[PDB]
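Peer 1: I'm passing along input.pdb; it holds PDB, C-alpha atoms and all ligand atoms.
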```
ATOM      1  CA  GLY A   1      20.177  20.475 -12.980  1.00  0.00           C
ATOM      2  CA  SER A   2      21.102  18.615  -9.803  1.00  0.00           C
ATOM      3  CA  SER A   3      22.972  15.550  -8.548  1.00  0.00           C
ATOM      4  CA  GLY A   4      21.626  13.620  -5.575  1.00  0.00           C
ATOM      5  CA  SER A   5      18.120  12.259  -6.101  1.00  0.00           C
ATOM      6  CA  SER A   6      17.283  12.758  -2.425  1.00  0.00           C
ATOM      7  CA  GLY A   7      13.965  13.511  -0.752  1.00  0.00           C
ATOM      8  CA  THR A   8      11.268  11.837   1.329  1.00  0.00           C
ATOM      9  CA  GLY A   9      12.558   8.381   0.452  1.00  0.00           C
ATOM     10  CA  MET A  10      15.372   6.232  -0.915  1.00  0.00           C
ATOM     11  CA  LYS A  11      14.315   5.837  -4.548  1.00  0.00           C
ATOM     12  CA  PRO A  12      12.274   8.168  -6.795  1.00  0.00           C
ATOM     13  CA  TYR A  13       9.394   6.295  -8.428  1.00  0.00           C
ATOM     14  CA  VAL A  14      10.872   2.865  -7.702  1.00  0.00           C
ATOM     15  CA  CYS A  15       8.715   0.230  -6.013  1.00  0.00           C
ATOM     16  CA  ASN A  16       9.972  -0.015  -2.431  1.00  0.00           C
ATOM     17  CA  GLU A  17       8.089  -3.319  -2.347  1.00  0.00           C
ATOM     18  CA  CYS A  18       9.775  -5.166  -5.214  1.00  0.00           C
ATOM     19  CA  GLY A  19      12.167  -2.559  -6.580  1.00  0.00           C
ATOM     20  CA  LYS A  20      10.443  -1.905  -9.899  1.00  0.00           C
ATOM     21  CA  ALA A  21      11.916   1.351 -11.203  1.00  0.00           C
ATOM     22  CA  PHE A  22       9.789   3.623 -13.389  1.00  0.00           C
ATOM     23  CA  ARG A  23       9.971   7.030 -15.071  1.00  0.00           C
ATOM     24  CA  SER A  24       6.995   8.708 -13.396  1.00  0.00           C
ATOM     25  CA  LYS A  25       5.121   8.253 -10.118  1.00  0.00           C
ATOM     26  CA  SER A  26       1.966   7.535 -12.120  1.00  0.00           C
ATOM     27  CA  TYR A  27       3.655   4.436 -13.535  1.00  0.00           C
ATOM     28  CA  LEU A  28       4.627   3.207 -10.069  1.00  0.00           C
ATOM     29  CA  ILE A  29       1.182   3.913  -8.620  1.00  0.00           C
ATOM     30  CA  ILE A  30      -0.649   1.908 -11.282  1.00  0.00           C
ATOM     31  CA  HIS A  31       1.880  -0.866 -10.660  1.00  0.00           C
ATOM     32  CA  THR A  32       2.010  -0.991  -6.861  1.00  0.00           C
ATOM     33  CA  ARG A  33      -1.607  -2.103  -7.238  1.00  0.00           C
ATOM     34  CA  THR A  34      -0.766  -5.130  -9.384  1.00  0.00           C
ATOM     35  CA  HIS A  35       0.878  -6.599  -6.285  1.00  0.00           C
ATOM     36  CA  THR A  36      -2.713  -7.475  -5.386  1.00  0.00           C
ATOM     37  CA  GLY A  37      -2.544 -10.484  -7.685  1.00  0.00           C
ATOM     38  CA  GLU A  38      -2.476 -13.186  -5.019  1.00  0.00           C
ATOM     39  CA  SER A  39      -6.145 -13.721  -4.165  1.00  0.00           C
ATOM     40  CA  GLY A  40      -7.093 -14.613  -7.726  1.00  0.00           C
ATOM     41  CA  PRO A  41      -4.618 -17.391  -8.595  1.00  0.00           C
ATOM     42  CA  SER A  42      -3.762 -19.937  -5.902  1.00  0.00           C
ATOM     43  CA  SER A  43      -2.865 -23.566  -5.205  1.00  0.00           C
ATOM     44  CA  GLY A  44      -4.492 -26.353  -3.214  1.00  0.00           C
TER      45      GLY A  44
HETATM   46 ZN    ZN A 101       6.165  -3.565  -7.097  1.00  0.00          ZN
END
```
Can you give me the file's structure in the form of structure tokens?
Peer 2:
Amino acid sequence: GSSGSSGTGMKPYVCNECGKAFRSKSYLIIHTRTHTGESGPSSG
């Protein structure tokens, strides 16, 4: 039991890149990688 959610950052497992909030760090880690979806698709 505790009220604060403080630590070595602003959000818990939220993506500080886009803001995607998750339940566990494992969910944010496997996501933060998806951000690498630029090379593939592109435009002329
Ligand atoms: Zn993200």
Peer 1: Report as a list in words the residues that result from applying the PyMOL selection byres (((not hetatm)) within 12 of (chain A and resi 101)) to the structure here.
Peer 2: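 For this structure, the PyMOL selection byres (((not hetatm)) within 12 of (chain A and resi 101)) captures residues 13, 14, 15, 16, 17, 18, 19, 20, 21, 22, 27, 28, 29, 30, 31, 32, 33, 34, 35, 36 and 37 of chain A.
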Peer 1: Work out how far apart CA of residue 40 in chain A and CA of residue 26 in chain A are and give it in Å to one decimal.
Peer 2: 24.3 Å
Peer 1: Enter the distance from CA of residue 25 in chain A to CA of residue 11 in chain A, in Å, rounded to one decimal.
Peer 2: 11.0 Å
